[PDB]
Amino acid sequence: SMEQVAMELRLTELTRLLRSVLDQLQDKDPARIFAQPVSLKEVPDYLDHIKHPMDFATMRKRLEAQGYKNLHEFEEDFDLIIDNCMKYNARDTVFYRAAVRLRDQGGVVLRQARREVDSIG
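Under this note's numbering, the letters of the sequence shown match residues 1054 to 1174, in that order.
Put into structure tokens, the structure is as follows:
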């Protein structure tokens, strides 16, 4: 149908906007602490601690499959990255501190993305 096509074009454009958002967020992680999944070879007990692991590579896979239907879903995954890290790692660690900086700096990027998604429909 023409409606299904139009909806597919909206999803495509959301995907384009979320791809730029993801690039901007990932630049706020220059140390690449959140780039890839925590290694279960190197942290074998991780899943006993963290029930829903997340990282930027895993978000990028979901994004490129047009697996984000709205900004709320994408934000949920970004928040898991931060929140997982702040639970697993202690306050006095490079890891925890990197999450706080990513959260603080990402907030700005996400505040305008919300307006761009409401604005462009």
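Backbone N, C-alpha and C define an ideal beta-carbon position, used for all residues, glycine too.
Candidates the options: closest to residue i by CA position
i       : options                            : result
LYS1140 : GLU1129, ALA1152, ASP1130          : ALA1152
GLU1126 : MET1060, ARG1150, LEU1075, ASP1101 : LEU1075
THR1065 : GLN1119, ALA1088, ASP1101, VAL1091 : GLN1119
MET1112 : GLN1089, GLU1061, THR1146          : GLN1089
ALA1084 : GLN1165, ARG1150, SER1073          : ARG1150
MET1107 : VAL1096, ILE1135, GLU1117          : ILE1135
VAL1096 : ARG1164, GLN1165, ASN1142          : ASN1142
Residue i to residue j span [Cα, whole Å]
i       : j       : result
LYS1094 : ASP1132 : 24 Å
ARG1115 : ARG1144 : 30 Å
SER1054 : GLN1077 : 35 Å
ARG1167 : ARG1156 : 16 Å
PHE1109 : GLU1056 : 32 Å
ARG1063 : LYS1122 : 10 Å
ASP1130 : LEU1070 : 16 Å
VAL1058 : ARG1072 : 21 Å
Three-state secondary structure assigned by DSSP to residue i
i       : result
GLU1126 : helix
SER1092 : coil
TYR1141 : helix
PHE1148 : helix
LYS1104 : coil
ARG1085 : coil
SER1172 : helix
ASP1136 : helix
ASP1098 : coil
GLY1159 : helix
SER1054 : coil
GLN1119 : coil
Cβ separation of residue i and residue j, assumed to be a contact under 8 Å, to the nearest whole Å
i       : j       : result
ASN1137 : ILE1103 : 5 Å
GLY1174 : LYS1081 : Rounded, the Cβ-Cβ distance is 27 Å, inconsistent with contact.
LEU1124 : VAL1170 : 5 Å
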